[PDB]
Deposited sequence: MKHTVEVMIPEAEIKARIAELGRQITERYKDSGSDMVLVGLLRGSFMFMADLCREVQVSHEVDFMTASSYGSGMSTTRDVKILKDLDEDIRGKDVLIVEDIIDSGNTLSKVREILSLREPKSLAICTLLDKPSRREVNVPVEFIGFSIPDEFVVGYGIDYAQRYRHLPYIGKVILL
């Protein structure tokens, strides 16, 4: 489609918000004692994870899964590391339907982590099909056509440092 992109959430607002998520995450987990892992879902989370992990002042590992995108949720690439007895934070660019995150949290729950929580940059609560708890949220937004900061449209705009709105022409 002919289209344009405008800035919706600038780089600077994203960075200020990530520094606040990082203080909240630091506060919840600093006294735990247990090992911690941040788990990104690829490809969407790679940019969010890079900025977020740099703001989390608790010693942790960074790991990644790839899950498939009414069809079953399948593991295309599992974690490299064990999570048994660890504090685990799942990191995603956006929760809309909640279908993937829901099925990913159930799989990881089977491994008996000490705790399991989700951090999303973007939340579209109006799109929710399955309830899943989300402890840390960057921005709540309407159901806008968003790109950037790991979110693609037609293999375009993953590398934008801001969240943009796509205008169909």
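>> Numbered from 1 along the deposited sequence, what ranges are absent from the coordinates?
In response: In the chain as deposited, only 70 to 76 carries no coordinates.
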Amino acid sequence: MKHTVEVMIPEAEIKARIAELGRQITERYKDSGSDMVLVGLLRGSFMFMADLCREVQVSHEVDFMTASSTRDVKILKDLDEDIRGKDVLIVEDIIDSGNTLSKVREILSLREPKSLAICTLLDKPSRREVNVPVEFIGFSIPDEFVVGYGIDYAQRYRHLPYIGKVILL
From here on, numbers count along this sequence of modelled residues.
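> Comparing 27 to 35 with 137 to 145, where is the mean C-alpha B-factor higher?
Replying inline: The deposited B-factors put 27 to 35 ahead on the C-alpha mean.
>> Quick check on the record: does 41 to 49 or 127 to 135 carry the larger mean Cα temperature factor?
In response: That would be 127 to 135.
> Considering only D96, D82, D93, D87, which residue's Cα atom bears the greatest B-factor as recorded?
Replying inline: Among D96, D82, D93, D87, the PDB entry lists the largest C-alpha B-factor for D82.
>> For the chain shown, is the CA B-factor of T120 in the lowest, middle or highest third of its modelled residues?
In response: For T120, the deposited C-alpha B-factor lands in the lowest third.
> Against its chain's modelled residues, does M65's Cα B factor rank lowest, middle or highest third?
Replying inline: Its C-alpha B-factor, which the entry lists for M65, ranks in the middle third among residues of this chain.
>> Split into thirds by Cα B-factor across the chain's modelled residues, where does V58 land: lowest, middle or highest?
In response: CA B-factor rank for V58: highest third.
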